[PDB]
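S.K.: Please see the structure below; I have some questions.
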Amino acid sequence: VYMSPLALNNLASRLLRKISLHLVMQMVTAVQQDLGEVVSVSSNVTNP
Amino acid sequence: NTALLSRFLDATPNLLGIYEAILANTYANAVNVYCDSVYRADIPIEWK
Amino acid sequence: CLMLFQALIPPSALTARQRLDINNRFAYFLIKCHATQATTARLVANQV
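Protein chains in written order, with PDB author numbering: chain A, 293 to 340; chain B, 584 to 631; chain C, 390 to 437.
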């Protein structure tokens, strides 16, 4: 496979097609509002 | 300034009124489940 | 007012951040208005 750029590309191209991830996440807005306060209540000047 | 502040200090006892309106509901303030007096510092600040 | 207000509320009612600022704003006030030209200078020299 590693003798030909075409061959390698084809194999890689294929190997990746199969990955299928599915993650579970909290509501963004919720986290950004919570962490939001944590920052505001404790920061002395607009925290970057 | 000295005047206004003088009258101010002379009248602070009027604040007694708040103390009353609060103490008036002694039973209501204590005979219940929600009241507490110990500061659990570990409570997440975003919950407040 | 701020000084009075401090008698109607337990520490728990104010941000541990601000509670600290207040102490500082007070120290500023002391050093600025009630400290000797000689007292100030000593503190500054000792990096207090």
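The C-beta atom is built at its ideal place from N, Cα and C for all residues, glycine as well.
Using a C-beta cutoff of 8 Å, does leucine 393 of chain C count as contacting chain B?
M.R.: Yes, contact with chain B.
S.K.: Work out the CA separation of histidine 314 of chain A and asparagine 413 of chain C for me, nearest whole Å.
M.R.: If I take the Cα positions, the gap works out to 51 Å.
S.K.: Quick one: which unbroken alpha helix (DSSP H) runs of 4-plus residues sit fully inside the region 400-431 of chain C? Chain order, please.
M.R.: For the region 400-431 of chain C, whole alpha helix (DSSP H) runs of length 4 or above, ordered along the chain, are 405-418.
S.K.: Hey, does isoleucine 626 of chain B have any beta-carbon neighbour from chain A nearer than 8 Å?
M.R.: It does not; no Cβ of chain A falls within 8 Å.
S.K.: With 8 Å set as the bound, which would you pick, yes or no: does the beta-carbon of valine 320 of chain A sit closer than that to a beta-carbon of chain B?
M.R.: No - not a single Cβ of chain B is within 8 Å of the one on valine 320 of chain A.
S.K.: Helix, strand or coil for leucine 598 of chain B? Go by DSSP, reduced to three states.
M.R.: Residue state, collapsed to three classes: helix.
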